[PDB]
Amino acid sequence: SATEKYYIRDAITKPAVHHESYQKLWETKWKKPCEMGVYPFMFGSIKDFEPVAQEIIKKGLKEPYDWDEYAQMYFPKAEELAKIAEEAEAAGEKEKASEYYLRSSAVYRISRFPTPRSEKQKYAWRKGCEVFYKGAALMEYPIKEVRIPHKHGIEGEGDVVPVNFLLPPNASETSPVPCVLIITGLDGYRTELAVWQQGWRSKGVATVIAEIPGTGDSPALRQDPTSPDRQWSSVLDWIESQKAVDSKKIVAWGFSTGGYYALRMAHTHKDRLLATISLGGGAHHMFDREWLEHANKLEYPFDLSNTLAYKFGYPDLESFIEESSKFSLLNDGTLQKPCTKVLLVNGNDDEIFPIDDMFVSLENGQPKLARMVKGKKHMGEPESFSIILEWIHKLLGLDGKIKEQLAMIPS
């Protein structure tokens, strides 16, 4: 059956305990990364989240979640942190203001995980973005929003591609810098992957952070497989206009679902990218009935397959599965085209997207760079981040000081 189909075999039939309740999500999956200040709790503090978790656990919330009831639990804490930030900014305490705005943005973020599917989650997205950019503007090296005109947009698409932008100091047309284009995931948007930007700045590298179609503020048509292609044309046209960036040194790094888009654009925009990295991406079997019919109950904190269906613009999973084959980079002929430099990295035991899709990626077109991480699930952490930074440092001729860069990630 499905138990024989994929690399992980009958692991797909074992429901993960975190789906039983929020209590199990918190105790077995979220408390630890929150304490360490890492994804999905970048910029966050256990001091903020633990009191909120305790209130959710007392209420006994669990799948199926009422996303308005769920989101509202985070709001009193998010507002408290935003009020503290405002009073700090009024007093000229810039470093403190920045911290509490970003702590507020983290609480709003988790309130609209896994993706905004209710009015209060849609509200939390807007409120989280607002406090993130207030925090970002008060960083020593401010990260700014750029509303890139979507010149390549068609009917029914948004007029702009909102991105984060950070340019290292002394970057100029005379001394231009490489750019890491970060493509975000199904749940982590530009307000989350922002955590990478100061690291890249410290190594003399510009960053642009953009969301995938049907997430954050992406203007792209959800159901149209070619919508990302138009988005990257607008984004890369804008990066080329920034003369302080070397347009011959753009590296696209796709995180999780972002990996699919990084792999896709290595083909669609080969001549405009030095390299792309897919970290925990998929390509083909991520759209399989069998995979999607099992993934709701596996390592993903909530309902992966339903969330992916919503991101692709479908009202339910069955309707998505009916048409999902058309998004395959194999089915649509993408993987037959020439590609720029591609690095594929993932944990073998991934239960969000199958390692089988790294195999499909290596079974078609030109040879690609790969590191498989045995005995690890989605993203193959922490070794994956060291592998990728080492490769990008070598590619761009940076200082190779990847431990220094990685140490800047934990909040």
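Note that residue numbering follows the sequence shown and begins at 1.
- Mean CA B-factor, 118-126 versus 259-267: the higher value falls on 118-126.
- Averaged over Cα atoms, the B-factor as recorded in the entry is higher for 76-84 than for the other of 76-84 and 245-253.
- For the set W232, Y100, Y189, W200, the PDB entry assigns the largest Cα B-factor to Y100.
- Within the selection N346, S386, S361, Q54, the deposited Cα B-factor values reach their highest point at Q54.
- In this PDB entry, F312 carries a Cα temperature factor that places it within the middle third of its chain's modelled residues.
- Residue-level temperature factors show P64 in the highest third of its chain, judged at the C-alpha atom.
- When the modelled residues of the chain are ordered by C-alpha B-factor, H393 sits in the lowest third.
- Sorting the modelled residues of the chain by their CA temperature factor places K374 in the middle third.
- Among the modelled residues of the chain, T207 sits in the lowest third by CA temperature factor in this PDB entry.
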